[PDB]
>>> print(open('target-v3.cif').read())   # mmCIF, C-alpha atoms and all ligand atoms
data_coords
#
loop_
_atom_site.label_atom_id
_atom_site.label_comp_id
_atom_site.auth_asym_id
_atom_site.auth_seq_id
_atom_site.Cartn_x
_atom_site.Cartn_y
_atom_site.Cartn_z
CA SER A 170 12.53 -11.07 12.57
CA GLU A 171 13.58 -7.72 14.24
CA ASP A 172 13.21 -5.67 11.01
CA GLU A 173 11.44 -2.60 12.48
CA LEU A 174 10.96 -0.88 9.08
CA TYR A 175 9.37 -4.04 7.49
CA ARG A 176 7.13 -4.64 10.58
CA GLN A 177 5.96 -0.96 10.74
CA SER A 178 5.31 -0.88 6.94
CA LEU A 179 3.33 -4.19 6.89
CA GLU A 180 1.14 -2.95 9.77
CA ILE A 181 0.25 0.45 8.19
CA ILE A 182 -0.37 -1.13 4.74
CA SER A 183 -2.51 -4.02 6.17
CA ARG A 184 -4.61 -1.59 8.26
CA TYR A 185 -5.27 0.65 5.19
CA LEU A 186 -5.99 -2.27 2.78
CA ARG A 187 -8.17 -4.21 5.34
CA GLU A 188 -10.25 -1.10 6.36
CA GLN A 189 -10.67 0.06 2.71
CA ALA A 190 -11.98 -3.48 1.83
CA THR A 191 -14.44 -3.81 4.80
CA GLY A 192 -15.23 -0.24 6.00
CA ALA A 193 -14.32 -1.00 9.67
CA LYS A 194 -11.41 0.87 11.41
CA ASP A 195 -9.53 -2.00 13.17
CA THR A 196 -9.25 -1.22 16.92
CA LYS A 197 -6.17 -3.12 18.17
CA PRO A 198 -3.22 -1.13 19.64
CA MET A 199 -0.73 -0.42 16.76
CA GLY A 200 2.73 -1.78 17.71
CA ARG A 201 6.12 -0.07 18.25
CA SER A 202 6.18 3.68 17.32
CA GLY A 203 2.32 3.54 17.40
CA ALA A 204 1.86 7.36 17.16
CA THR A 205 4.02 7.33 13.95
CA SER A 206 1.92 4.43 12.51
CA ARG A 207 -1.41 6.10 13.54
CA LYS A 208 -0.36 9.47 11.97
CA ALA A 209 0.94 7.55 8.92
CA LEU A 210 -2.39 5.70 8.60
CA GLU A 211 -4.36 9.03 9.07
CA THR A 212 -2.22 10.60 6.26
CA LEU A 213 -2.58 7.48 4.04
CA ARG A 214 -6.44 7.66 4.44
CA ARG A 215 -6.47 11.37 3.35
CA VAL A 216 -4.00 11.07 0.42
CA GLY A 217 -4.75 7.44 -0.58
CA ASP A 218 -8.56 7.98 -0.77
CA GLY A 219 -7.73 11.14 -2.79
CA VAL A 220 -5.68 9.16 -5.39
CA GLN A 221 -8.37 6.42 -5.80
CA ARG A 222 -11.03 9.15 -6.22
CA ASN A 223 -9.06 11.45 -8.60
CA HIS A 224 -7.72 8.53 -10.77
CA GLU A 225 -10.69 6.13 -10.40
CA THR A 226 -10.99 5.52 -14.16
CA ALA A 227 -7.23 4.78 -14.49
CA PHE A 228 -7.34 2.41 -11.47
CA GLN A 229 -10.43 0.61 -12.91
CA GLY A 230 -8.65 0.15 -16.29
CA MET A 231 -5.47 -1.23 -14.60
CA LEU A 232 -7.54 -3.62 -12.40
CA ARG A 233 -9.43 -4.84 -15.53
CA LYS A 234 -6.05 -5.45 -17.36
CA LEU A 235 -4.57 -7.47 -14.42
CA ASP A 236 -7.79 -9.64 -14.29
CA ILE A 237 -7.38 -10.63 -10.58
CA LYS A 238 -9.56 -13.65 -9.45
CA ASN A 239 -7.55 -15.82 -6.91
CA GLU A 240 -4.35 -16.11 -4.74
CA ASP A 241 -2.50 -17.19 -7.98
CA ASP A 242 -3.17 -13.72 -9.60
CA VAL A 243 -2.17 -11.86 -6.34
CA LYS A 244 1.08 -13.90 -6.12
CA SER A 245 1.82 -12.93 -9.78
CA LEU A 246 0.87 -9.24 -9.18
CA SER A 247 4.18 -9.15 -7.20
CA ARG A 248 6.31 -9.51 -10.42
CA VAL A 249 4.11 -6.64 -11.81
CA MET A 250 4.87 -4.32 -8.83
CA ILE A 251 8.64 -4.91 -9.25
CA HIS A 252 8.46 -4.00 -12.99
CA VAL A 253 6.22 -0.89 -12.49
CA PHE A 254 6.99 0.48 -8.97
CA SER A 255 10.64 -0.59 -8.43
CA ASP A 256 11.74 0.18 -12.04
CA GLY A 257 10.77 3.86 -11.66
CA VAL A 258 11.78 7.08 -9.80
CA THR A 259 11.48 6.84 -5.96
CA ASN A 260 9.29 9.37 -4.09
CA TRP A 261 6.35 9.35 -1.64
CA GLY A 262 4.09 10.21 -4.62
CA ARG A 263 4.67 6.79 -6.27
CA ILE A 264 4.75 5.02 -2.85
CA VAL A 265 1.18 6.36 -2.15
CA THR A 266 0.00 5.33 -5.68
CA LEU A 267 1.36 1.78 -5.04
CA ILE A 268 -0.43 1.50 -1.65
CA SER A 269 -3.58 3.32 -3.01
CA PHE A 270 -3.84 0.92 -6.01
CA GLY A 271 -3.28 -1.93 -3.52
CA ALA A 272 -6.29 -0.62 -1.50
CA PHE A 273 -8.31 -0.38 -4.75
CA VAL A 274 -7.34 -4.04 -5.49
CA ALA A 275 -8.22 -5.03 -1.85
CA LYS A 276 -11.74 -3.49 -2.31
CA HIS A 277 -12.10 -5.63 -5.50
CA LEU A 278 -10.93 -8.77 -3.60
CA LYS A 279 -13.78 -8.17 -1.05
CA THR A 280 -16.46 -7.63 -3.79
CA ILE A 281 -15.37 -10.84 -5.70
CA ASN A 282 -15.52 -12.63 -2.31
CA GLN A 283 -11.73 -13.45 -2.07
CA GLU A 284 -11.03 -11.39 1.13
CA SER A 285 -8.46 -13.96 2.47
CA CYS A 286 -6.13 -12.67 -0.36
CA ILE A 287 -6.04 -9.12 1.16
CA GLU A 288 -3.44 -9.91 3.90
CA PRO A 289 -1.13 -11.64 1.32
CA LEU A 290 -1.59 -8.64 -1.08
CA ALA A 291 -0.49 -6.33 1.78
CA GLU A 292 2.60 -8.59 2.41
CA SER A 293 3.48 -8.61 -1.35
CA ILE A 294 3.23 -4.76 -1.50
CA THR A 295 5.31 -4.37 1.72
CA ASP A 296 7.88 -6.86 0.34
CA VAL A 297 8.35 -4.93 -2.94
CA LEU A 298 8.32 -1.54 -1.07
CA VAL A 299 10.69 -2.33 1.85
CA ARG A 300 13.09 -4.76 0.12
CA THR A 301 13.59 -2.70 -3.10
CA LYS A 302 13.53 0.90 -1.64
CA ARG A 303 15.07 0.19 1.84
CA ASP A 304 18.05 2.59 1.24
CA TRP A 305 15.74 5.48 0.14
CA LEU A 306 13.18 4.75 2.94
CA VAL A 307 15.96 4.87 5.63
CA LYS A 308 17.40 8.17 4.17
CA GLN A 309 13.87 9.74 4.31
CA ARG A 310 13.43 8.60 8.00
CA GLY A 311 10.80 5.97 6.95
CA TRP A 312 7.20 6.72 8.04
CA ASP A 313 8.29 9.82 10.06
CA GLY A 314 9.53 11.17 6.67
CA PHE A 315 6.20 10.24 4.98
CA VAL A 316 4.05 12.00 7.65
CA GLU A 317 6.39 15.07 7.44
CA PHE A 318 6.16 15.09 3.60
CA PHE A 319 2.29 15.24 3.81
CA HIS A 320 2.45 18.09 6.43
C1 LIG B 401 -0.61 -2.60 -5.90
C2 LIG B 401 0.27 -2.01 -6.91
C3 LIG B 401 1.06 -1.54 -7.75
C4 LIG B 401 2.05 -1.05 -8.70
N1 LIG B 401 1.67 0.11 -9.50
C5 LIG B 401 0.82 0.12 -10.63
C6 LIG B 401 0.05 -1.08 -11.09
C7 LIG B 401 0.68 -1.79 -12.23
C8 LIG B 401 0.77 1.39 -11.13
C9 LIG B 401 -0.03 1.87 -12.27
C10 LIG B 401 0.55 2.04 -13.53
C11 LIG B 401 -0.19 2.52 -14.59
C12 LIG B 401 -1.51 2.86 -14.43
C13 LIG B 401 -2.08 2.72 -13.18
CL1 LIG B 401 -3.74 3.18 -12.98
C14 LIG B 401 -1.37 2.24 -12.09
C15 LIG B 401 -2.03 2.09 -10.74
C16 LIG B 401 1.64 2.20 -10.32
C17 LIG B 401 2.02 3.55 -10.31
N2 LIG B 401 1.53 4.42 -11.21
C18 LIG B 401 2.04 5.77 -11.37
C19 LIG B 401 1.14 6.56 -12.35
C20 LIG B 401 -0.27 6.78 -11.87
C21 LIG B 401 -0.51 7.66 -10.82
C22 LIG B 401 -1.80 7.87 -10.35
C23 LIG B 401 -2.86 7.22 -10.94
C24 LIG B 401 -2.63 6.35 -11.99
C25 LIG B 401 -1.34 6.14 -12.45
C26 LIG B 401 3.46 5.72 -11.96
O1 LIG B 401 3.77 4.73 -12.68
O2 LIG B 401 4.21 6.69 -11.68
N3 LIG B 401 2.89 3.97 -9.36
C27 LIG B 401 3.33 3.06 -8.48
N4 LIG B 401 3.04 1.77 -8.38
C28 LIG B 401 2.19 1.37 -9.33
#
>>> encode(input="target-v3.cif", output="C-alpha cells", more="lines below")
Ligand SMILES: CC#CCn1c(CC)c(-c2cccc(Cl)c2C)c2c(N[C@H](Cc3ccccc3)C(=O)O)ncnc21
Amino acid sequence: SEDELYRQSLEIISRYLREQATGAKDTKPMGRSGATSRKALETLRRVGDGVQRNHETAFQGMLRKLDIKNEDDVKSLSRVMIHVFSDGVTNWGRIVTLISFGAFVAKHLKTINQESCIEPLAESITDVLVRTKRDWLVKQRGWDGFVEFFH
C-alpha cells in the first residue's frame, strides 16, 4: 500500500456511502490528515445530499436503468463509471455527482437488503476516481482542493 490519496479517498467515500445507507454517523477516528477527511465528509454531506435531493428523479431513472440486484451488478457498474465519469470533463462538480449517485445506489443496496455490497461499491468508485483522475486530483491538492472549492 502507501498510496495516501487512494487511502484518504476510500475512507471519505466509504463513510459517506455507509452513513447514507444506514443513517448512523460512524464514530471511529478518521486516519491520516483526519481534519481534511472530516471537513471533506462535512462538505460531501452538504453538497452530496443537495445533488440527490435536487436531481432525485434523474437518479431514480438511472438506478432503474442499471437494475442493480447483487455483487455481480455492482462489479459491472465499474465499467459504467469508466464510460460515464472518466470519459467526460474533470471537475469537482462531476466528482460529487459520481459520489452522490454512489450514495443513492448505496441507499438502494440497503433497502433491497444487499448492504454487504456497499463497501465494494465504495472501492469501485474510489478505484475509478483515483486511478483515472490521479493527475488532476494531485494538481488540485486532492481533498484540501475539494474542501477549498466548496468554501
Ligand atoms: C456511482 C456512479 C457513477 C457514474 N455516473 C453516472 C451514472 C451512470 C452519472 C449519470 C449520468 C446520467 C444521468 C444520471 Cl442521473 C447520472 C447519475 C454521472 C454523472 N452525471 C452528470 C450529469 C448529472 C448531474 C446531476 C444529476 C444527474 C446527472 C454528468 O454526466 O456530467 N456524473 C458523474 N458520474 C456519473
>>> closest_atom_pairs(input="target-v3.cif", of="range 216-301 of chain A", to="range 181-197 of chain A", cutoff="7 Å", atoms="only C-alpha atoms", output="Markdown table")
| residue | atom | partner | partner_atom | distance |
| --- | --- | --- | --- | --- |
| A:268 | CA | A:182 | CA | 6.9 |
| A:271 | CA | A:186 | CA | 6.9 |
| A:272 | CA | A:186 | CA | 4.6 |
| A:275 | CA | A:190 | CA | 5.5 |
| A:276 | CA | A:190 | CA | 4.1 |
| A:279 | CA | A:190 | CA | 5.8 |
| A:287 | CA | A:187 | CA | 6.8 |
| A:288 | CA | A:183 | CA | 6.4 |
| A:291 | CA | A:183 | CA | 5.4 |
>>> write_last_selection(input="target-v3.cif", atoms="C-alpha atoms", output="PDB file, keeping the file's coordinate frame")
ATOM      1  CA  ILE A 268      -0.430   1.500  -1.650  1.00  0.00           C
ATOM      2  CA  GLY A 271      -3.280  -1.930  -3.520  1.00  0.00           C
ATOM      3  CA  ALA A 272      -6.290  -0.620  -1.500  1.00  0.00           C
ATOM      4  CA  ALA A 275      -8.220  -5.030  -1.850  1.00  0.00           C
ATOM      5  CA  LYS A 276     -11.740  -3.490  -2.310  1.00  0.00           C
ATOM      6  CA  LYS A 279     -13.780  -8.170  -1.050  1.00  0.00           C
ATOM      7  CA  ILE A 287      -6.040  -9.120   1.160  1.00  0.00           C
ATOM      8  CA  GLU A 288      -3.440  -9.910   3.900  1.00  0.00           C
ATOM      9  CA  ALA A 291      -0.490  -6.330   1.780  1.00  0.00           C
TER      10      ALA A 291
END
>>> closest_atom_pairs(input="target-v3.cif", of="chain A", to="ligand LIG 401 (chain B)", cutoff="10 Å", atoms="all atoms listed in the file", output="Markdown table")
| residue | atom | partner | partner_atom | distance |
| --- | --- | --- | --- | --- |
| A:220 | CA | B:LIG401 | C22 | 6.4 |
| A:221 | CA | B:LIG401 | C23 | 7.6 |
| A:222 | CA | B:LIG401 | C23 | 9.6 |
| A:223 | CA | B:LIG401 | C23 | 7.9 |
| A:224 | CA | B:LIG401 | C23 | 5.0 |
| A:225 | CA | B:LIG401 | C23 | 7.9 |
| A:226 | CA | B:LIG401 | CL1 | 7.7 |
| A:227 | CA | B:LIG401 | CL1 | 4.1 |
| A:228 | CA | B:LIG401 | CL1 | 4.0 |
| A:229 | CA | B:LIG401 | CL1 | 7.2 |
| A:230 | CA | B:LIG401 | CL1 | 6.7 |
| A:231 | CA | B:LIG401 | CL1 | 5.0 |
| A:232 | CA | B:LIG401 | CL1 | 7.8 |
| A:234 | CA | B:LIG401 | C7 | 9.2 |
| A:235 | CA | B:LIG401 | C7 | 8.0 |
| A:243 | CA | B:LIG401 | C1 | 9.4 |
| A:246 | CA | B:LIG401 | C1 | 7.6 |
| A:247 | CA | B:LIG401 | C2 | 8.1 |
| A:248 | CA | B:LIG401 | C4 | 9.6 |
| A:249 | CA | B:LIG401 | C7 | 6.0 |
| A:250 | CA | B:LIG401 | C4 | 4.3 |
| A:251 | CA | B:LIG401 | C4 | 7.7 |
| A:252 | CA | B:LIG401 | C7 | 8.1 |
| A:253 | CA | B:LIG401 | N1 | 5.5 |
| A:254 | CA | B:LIG401 | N4 | 4.2 |
| A:255 | CA | B:LIG401 | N4 | 8.0 |
| A:256 | CA | B:LIG401 | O1 | 9.2 |
| A:257 | CA | B:LIG401 | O1 | 7.1 |
| A:258 | CA | B:LIG401 | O2 | 7.8 |
| A:259 | CA | B:LIG401 | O2 | 9.3 |
| A:260 | CA | B:LIG401 | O2 | 9.5 |
| A:261 | CA | B:LIG401 | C27 | 9.8 |
| A:262 | CA | B:LIG401 | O2 | 7.9 |
| A:263 | CA | B:LIG401 | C27 | 4.5 |
| A:264 | CA | B:LIG401 | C27 | 6.1 |
| A:265 | CA | B:LIG401 | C27 | 7.5 |
| A:266 | CA | B:LIG401 | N3 | 4.9 |
| A:267 | CA | B:LIG401 | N4 | 3.7 |
| A:268 | CA | B:LIG401 | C1 | 5.9 |
| A:269 | CA | B:LIG401 | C1 | 7.2 |
| A:270 | CA | B:LIG401 | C1 | 4.8 |
| A:271 | CA | B:LIG401 | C1 | 3.6 |
| A:272 | CA | B:LIG401 | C1 | 7.5 |
| A:273 | CA | B:LIG401 | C1 | 8.1 |
| A:274 | CA | B:LIG401 | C1 | 6.9 |
| A:275 | CA | B:LIG401 | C1 | 9.0 |
| A:290 | CA | B:LIG401 | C1 | 7.8 |
| A:291 | CA | B:LIG401 | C1 | 8.5 |
| A:293 | CA | B:LIG401 | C1 | 8.6 |
| A:294 | CA | B:LIG401 | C1 | 6.2 |
| A:295 | CA | B:LIG401 | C1 | 9.8 |
| A:297 | CA | B:LIG401 | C3 | 9.4 |
| A:298 | CA | B:LIG401 | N4 | 9.6 |
>>> residues_around(input="target-v3.cif", residues="residue 299 in chain A", least_positions_apart="2", cutoff="10 Å", atoms="all atoms listed in the file", output="PDB file with C-alpha atoms, in the frame of the given file")
ATOM      1  CA  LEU A 174      10.960  -0.880   9.080  1.00  0.00           C
ATOM      2  CA  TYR A 175       9.370  -4.040   7.490  1.00  0.00           C
ATOM      3  CA  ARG A 176       7.130  -4.640  10.580  1.00  0.00           C
ATOM      4  CA  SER A 178       5.310  -0.880   6.940  1.00  0.00           C
ATOM      5  CA  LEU A 179       3.330  -4.190   6.890  1.00  0.00           C
ATOM      6  CA  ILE A 294       3.230  -4.760  -1.500  1.00  0.00           C
ATOM      7  CA  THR A 295       5.310  -4.370   1.720  1.00  0.00           C
ATOM      8  CA  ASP A 296       7.880  -6.860   0.340  1.00  0.00           C
ATOM      9  CA  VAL A 297       8.350  -4.930  -2.940  1.00  0.00           C
ATOM     10  CA  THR A 301      13.590  -2.700  -3.100  1.00  0.00           C
ATOM     11  CA  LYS A 302      13.530   0.900  -1.640  1.00  0.00           C
ATOM     12  CA  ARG A 303      15.070   0.190   1.840  1.00  0.00           C
ATOM     13  CA  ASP A 304      18.050   2.590   1.240  1.00  0.00           C
ATOM     14  CA  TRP A 305      15.740   5.480   0.140  1.00  0.00           C
ATOM     15  CA  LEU A 306      13.180   4.750   2.940  1.00  0.00           C
ATOM     16  CA  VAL A 307      15.960   4.870   5.630  1.00  0.00           C
ATOM     17  CA  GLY A 311      10.800   5.970   6.950  1.00  0.00           C
TER      18      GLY A 311
END
>>> atom_distance(input="target-v3.cif", atom1="CA of residue 170 in chain A", atom2="CA of residue 208 in chain A")
24.3 Å
>>> residues_around(input="target-v3.cif", residues="residue 319 in chain A", least_positions_apart="5", cutoff="12 Å", atoms="all atoms listed in the file", output="JSON list (two decimals) with C-alpha atoms, in the frame of the given file")
[["chain", "number", "residue", "atom", "x", "y", "z"],
["A", 208, "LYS", "CA", -0.36, 9.47, 11.97],
["A", 209, "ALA", "CA", 0.94, 7.55, 8.92],
["A", 210, "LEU", "CA", -2.39, 5.70, 8.60],
["A", 211, "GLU", "CA", -4.36, 9.03, 9.07],
["A", 212, "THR", "CA", -2.22, 10.60, 6.26],
["A", 213, "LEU", "CA", -2.58, 7.48, 4.04],
["A", 214, "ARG", "CA", -6.44, 7.66, 4.44],
["A", 215, "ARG", "CA", -6.47, 11.37, 3.35],
["A", 216, "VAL", "CA", -4.00, 11.07, 0.42],
["A", 217, "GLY", "CA", -4.75, 7.44, -0.58],
["A", 261, "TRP", "CA", 6.35, 9.35, -1.64],
["A", 262, "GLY", "CA", 4.09, 10.21, -4.62],
["A", 265, "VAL", "CA", 1.18, 6.36, -2.15],
["A", 312, "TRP", "CA", 7.20, 6.72, 8.04],
["A", 313, "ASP", "CA", 8.29, 9.82, 10.06],
["A", 314, "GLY", "CA", 9.53, 11.17, 6.67]]
>>> closest_residue(input="target-v3.cif", among="A:245, A:309, A:237, A:171", to="residue 280 in chain A", atoms="all atoms listed in the file")
A:237
>>> axis_aligned_box(input="target-v3.cif", around="range 301-320 of chain A", padding_each_side="8 Å", output="AutoDock Vina command-line options")
--center_x 10.2 --center_y 7.7 --center_z 3.5 --size_x 31.8 --size_y 36.8 --size_z 29.2
>>> closest_residue(input="target-v3.cif", among="A:289, A:277, A:308, A:206", to="residue 241 in chain A", atoms="only C-alpha atoms")
A:289
>>> atom_distance(input="target-v3.cif", atom1="CA of residue 240 in chain A", atom2="CA of residue 292 in chain A")
12.5 Å
>>> decode(input="target-v3.cif", residues="range 280-302 of chain A", atoms="N, CA, C and O atoms", output="compact mmCIF listing (two decimals), in the first residue's frame")
# COMPACT_ATOMS: atom_id res chain seq x y z
N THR A 280 -31.96 -0.98 1.08
CA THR A 280 -33.43 -1.23 1.03
C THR A 280 -33.69 -2.61 0.38
O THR A 280 -34.67 -3.26 0.79
N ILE A 281 -32.87 -3.05 -0.57
CA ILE A 281 -33.04 -4.38 -1.24
C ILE A 281 -32.24 -5.43 -0.47
O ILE A 281 -32.06 -6.55 -0.97
N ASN A 282 -31.75 -5.05 0.71
CA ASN A 282 -31.18 -5.99 1.70
C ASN A 282 -29.98 -6.70 1.06
O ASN A 282 -29.99 -7.93 0.99
N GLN A 283 -29.00 -5.89 0.59
CA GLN A 283 -27.73 -6.29 -0.07
C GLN A 283 -26.60 -5.38 0.43
O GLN A 283 -25.76 -4.98 -0.40
N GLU A 284 -26.59 -5.07 1.73
CA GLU A 284 -25.78 -3.99 2.35
C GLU A 284 -24.30 -4.38 2.42
O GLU A 284 -23.46 -3.50 2.67
N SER A 285 -23.97 -5.65 2.19
CA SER A 285 -22.56 -6.13 2.12
C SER A 285 -21.89 -5.64 0.82
O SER A 285 -20.66 -5.66 0.76
N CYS A 286 -22.69 -5.20 -0.16
CA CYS A 286 -22.22 -4.70 -1.48
C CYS A 286 -21.84 -3.22 -1.41
O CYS A 286 -21.25 -2.73 -2.38
N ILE A 287 -22.15 -2.54 -0.31
CA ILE A 287 -21.86 -1.09 -0.14
C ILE A 287 -20.34 -0.88 -0.15
O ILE A 287 -19.88 -0.02 -0.93
N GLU A 288 -19.61 -1.61 0.68
CA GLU A 288 -18.14 -1.39 0.85
C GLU A 288 -17.45 -1.65 -0.49
O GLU A 288 -16.62 -0.85 -0.90
N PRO A 289 -17.76 -2.74 -1.23
CA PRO A 289 -17.27 -2.94 -2.60
C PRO A 289 -17.63 -1.84 -3.61
O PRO A 289 -16.82 -1.58 -4.48
N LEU A 290 -18.85 -1.28 -3.51
CA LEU A 290 -19.31 -0.15 -4.35
C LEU A 290 -18.36 1.02 -4.13
O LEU A 290 -17.86 1.57 -5.12
N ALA A 291 -18.11 1.33 -2.86
CA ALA A 291 -17.23 2.43 -2.42
C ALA A 291 -15.83 2.23 -2.99
O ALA A 291 -15.22 3.24 -3.36
N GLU A 292 -15.34 0.98 -3.03
CA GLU A 292 -13.97 0.63 -3.51
C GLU A 292 -13.92 0.84 -5.03
O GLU A 292 -12.91 1.37 -5.51
N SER A 293 -14.98 0.40 -5.73
CA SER A 293 -15.16 0.53 -7.20
C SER A 293 -15.13 2.01 -7.59
O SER A 293 -14.46 2.38 -8.58
N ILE A 294 -15.86 2.83 -6.84
CA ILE A 294 -15.98 4.30 -7.11
C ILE A 294 -14.61 4.93 -6.88
O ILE A 294 -14.19 5.74 -7.70
N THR A 295 -13.95 4.57 -5.79
CA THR A 295 -12.62 5.12 -5.42
C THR A 295 -11.60 4.68 -6.44
O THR A 295 -10.69 5.45 -6.74
N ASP A 296 -11.73 3.46 -6.95
CA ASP A 296 -10.81 2.92 -7.97
C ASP A 296 -10.91 3.81 -9.21
O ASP A 296 -9.88 4.40 -9.64
N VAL A 297 -12.12 3.93 -9.75
CA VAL A 297 -12.36 4.72 -10.99
C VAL A 297 -11.89 6.15 -10.72
O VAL A 297 -11.24 6.70 -11.60
N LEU A 298 -12.19 6.73 -9.57
CA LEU A 298 -11.90 8.17 -9.29
C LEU A 298 -10.38 8.34 -9.23
O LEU A 298 -9.85 9.12 -10.05
N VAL A 299 -9.71 7.62 -8.34
CA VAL A 299 -8.28 7.85 -8.03
C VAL A 299 -7.42 7.36 -9.21
O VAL A 299 -6.48 8.06 -9.56
N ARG A 300 -7.73 6.21 -9.80
CA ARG A 300 -6.79 5.67 -10.80
C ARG A 300 -7.32 5.94 -12.22
O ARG A 300 -6.91 5.22 -13.12
N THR A 301 -8.14 6.97 -12.43
CA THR A 301 -8.31 7.60 -13.78
C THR A 301 -8.09 9.12 -13.69
O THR A 301 -7.78 9.70 -14.75
N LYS A 302 -8.22 9.75 -12.52
CA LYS A 302 -8.12 11.23 -12.41
C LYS A 302 -7.00 11.63 -11.44
O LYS A 302 -7.00 12.78 -10.98
